[PDB]
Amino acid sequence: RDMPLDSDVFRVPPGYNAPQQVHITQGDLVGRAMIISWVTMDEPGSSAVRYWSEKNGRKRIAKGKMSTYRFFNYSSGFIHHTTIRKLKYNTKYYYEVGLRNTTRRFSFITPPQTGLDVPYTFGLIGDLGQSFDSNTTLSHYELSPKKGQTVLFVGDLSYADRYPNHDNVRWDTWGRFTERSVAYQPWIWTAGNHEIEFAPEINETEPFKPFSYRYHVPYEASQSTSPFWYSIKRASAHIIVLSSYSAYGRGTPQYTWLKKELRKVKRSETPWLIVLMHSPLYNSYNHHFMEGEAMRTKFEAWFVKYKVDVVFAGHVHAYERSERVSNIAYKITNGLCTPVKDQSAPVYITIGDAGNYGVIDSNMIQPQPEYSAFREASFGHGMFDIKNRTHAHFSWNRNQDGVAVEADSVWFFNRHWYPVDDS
């Protein structure tokens, strides 16, 4: 059910060495920078980006870096990453890539300065892939009347590793497929299990290597030492990105980094505290049941202590929304191992249902446990619409429905500013 190589979403931009696979993401901690990325195939080309605002018209030049990789018998094109900085808040910019031979032009809109009551709309996509179901989801997100401004991506991008020798041409087609969205607004990248690409059978043993070459993130801005975990702030949201498939024992980099990062969170500057990871801590589907238990034993209590608002995960090819629960009182011999209602706790949302290679996960644990509010095996995407410091509106759109229909929808009440029960 994967879209064939000659499909229109995979068409190659014309002209000698025309930039392709253009994508952007937030380039700094607070919103005043952007990482511009693209691939040229005919020759290395230039790493310069030319950009200007609608307001100023003044054209400046940023210069970045070019890298390549091989994977088994595949040889990549020339990958460019360039960071434009010191931009102005709430402003439309133009930028151009391919300055040596074939120039292409795009644009983006910076976010507002971070603040307590700054509204903002986030799209939620996981496990996208490049099947036909993938294409419908992206169309539905594009036509959403709520107008997403940034995508939080919860992992599993191209599913290129399902192909023989992980055929990396399928990374390239995915790069051209998603451009019509991610060249114009930032997507925030989370690493999933399909990015690992651990294949000693063909002497490819560097974890995450193709993903890490193609998708860069601003991980030093939060003083992280790896791209696989980091945070950013945008409008009124503090977003914490975690890596299910890196080390998180006591004393490791990721564990040490998270414990320090939660202490920097300021709820009167960014009241919406959002965590992303690939593998769900709370999951009542049969597929991948209880895989999140390990990370859950390390981090769940931290999430409650700091009153995290919501945790988004993918990995399960379906949709689920948890009640506000915690399961943090167990001590081996006390028998306290059942989740309980907890108004300091986040809501757990699984949203890894954007299409993958065309398969849904429909088997569920019966009966639905108390901790599960809503679950359904349908393709689609989510929208997390922040109105202000007390209220945010979440809605789930199905591919079989109209682009304006919401099959699930709920108001989030802020854990710090308005911790009402929101069942």
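All residue numbers are counted from 1 along the displayed sequence.
**Student:** Of 93 to 101 and 244 to 252, which one has the bigger average CA B-factor?
**Tutor:** That would be 93 to 101.
**Student:** Which of the two stretches, 366 to 374 or 48 to 56, shows the higher mean Cα temperature factor in the record?
**Tutor:** Result: 48 to 56.
**Student:** Which one of 273, 295, 262, 304 shows the top CA temperature factor in the record?
**Tutor:** In the PDB entry, the greatest C-alpha B-factor among 273, 295, 262, 304 is found at 262.
**Student:** Per the coordinate record, which of the options 108, 228, 187, 299 holds the highest CA temperature factor?
**Tutor:** Among 108, 228, 187, 299, the PDB entry lists the largest C-alpha B-factor for 108.
**Student:** Just say lowest, middle or highest third for the CA B-factor of residue 380 relative to the other modelled residues in its chain.
**Tutor:** For residue 380, whose C-alpha B-factor we compare with every modelled residue in the chain, the answer is the middle third.
**Student:** Could you say whether, by C-alpha temperature factor, residue 396 belongs to the lowest, middle or highest third of its chain?
**Tutor:** Middle third - that is where residue 396 ends up once the chain's C-alpha B-factors are sorted.
**Student:** Sorting by Cα B-factor within the chain, modelled residues only, which third would residue 142 end up in: lowest, middle or highest?
**Tutor:** CA B-factor rank for residue 142: highest third.
**Student:** Within this chain's modelled residues, let me know which third the CA B factor of residue 403 belongs to: lowest, middle or highest.
**Tutor:** Its C-alpha B-factor, which the entry lists for residue 403, ranks in the highest third among residues of this chain.
**Student:** Determine, from the deposited record, the chain-internal third of the Cα B-factor for residue 156: lowest, middle or highest.
**Tutor:** According to the entry, residue 156 has a C-alpha B-factor in the chain's middle third.
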